[PDB]
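First, one chain by itself in structure tokens, the form deposited in one PDB entry.
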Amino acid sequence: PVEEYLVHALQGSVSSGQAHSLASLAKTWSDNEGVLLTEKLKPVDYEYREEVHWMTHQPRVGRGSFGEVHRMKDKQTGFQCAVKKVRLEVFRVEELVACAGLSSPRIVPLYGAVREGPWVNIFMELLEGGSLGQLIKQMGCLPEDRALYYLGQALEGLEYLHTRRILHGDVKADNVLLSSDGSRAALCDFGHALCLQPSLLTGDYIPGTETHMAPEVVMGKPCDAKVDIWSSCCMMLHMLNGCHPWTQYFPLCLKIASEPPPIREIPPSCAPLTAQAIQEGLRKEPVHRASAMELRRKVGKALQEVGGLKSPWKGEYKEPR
């Protein structure tokens, strides 16, 4: 009953608010209105406008697949964070729902969201360590312990999301952001996230990366939280081999469905439990594929089996396969 009246109060203004107000106002987005969740980003006179109240850091250095993410500063408060540009006509509410109110160290925090014309500008913490993707390119590929370390932390975040019935949708190195010392990893890019109730390829849907895509998704079978696990394992392989699965050998959605899972790419010098863990996460049938909780525990043991985390965050470059 009153829900309709609260949406109207939030519309037309940019206000200091809480995650539940942001979520309900955002559902409408699917002229300058929005909700900011921290005092570090304050509106001025019912407004928060680009280049007036907030400034992109100069010169513009983009991050993200589309160069949509930028460093920025609140002109009033001097606080700095990141902002993701989403075209308004293609905005998806699930992106914010899947990080709004969520409070987890393995998930990047949401600072707010403000519509301005054709843009939804979404604010979030700035992480200086860059993405796991940028790391893999810098180092070439990661040692076995570092890879297990990060994979587990991603799985910790996937546990959190899955408990809340949230599919991430596009898990990969580029969507894992690292702290300035490399000891913490967080998930990012919830643009493909999907609320679940205890398939995907129907209409207003944009899917994840081809190389990390699970067979059920490819063949249009029904889908659940397990697709994140498949992707996370394809990410593990990307970490170990310095390149995506299947790219050194093959029109890639054809081969995912027909061929066996890419267990061959598991490097041979890897200890038995590392390889064994990767394999439980690359079971073609969702039923036999490991859950998040299960894999995380296995990956943790695998790390323990290999002496724990010993390699430095940025050691020597290591040539890929």
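Numbers for residues come from their place in the sequence shown, where the first is 1. By rigid core we mean the largest C-alpha set that fits within 1.5 Å across both forms. Residues that one form lacks are left out of the comparison.
As for the form deposited in another entry, it is not shown, yet the points below apply to it.
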Task: Position that moves between this form and the one not shown after core superposition, taken from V44, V61, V287, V52, with Cα shift of 2 Å or more - done: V61
- [ ] Have a look at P59 and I136: in that other deposited form, are their Cα atoms closer together or farther apart than in this form, given the change is 3 Å or more?
- [x] closer
Open item on the list: Having a change of 3 Å or more in the C-alpha distance between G67 and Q138, I'd like to know whether it is closer or farther in that other deposited form than in the form here.
Closed with: farther
Open item on the list: If I superpose on the rigid core and flag every C-alpha moving 2 Å or more, which consecutive runs of 3+ residues come out between this form and the one not shown, in sequence order?
Closed with: 58 to 67, 98 to 101, 204 to 206
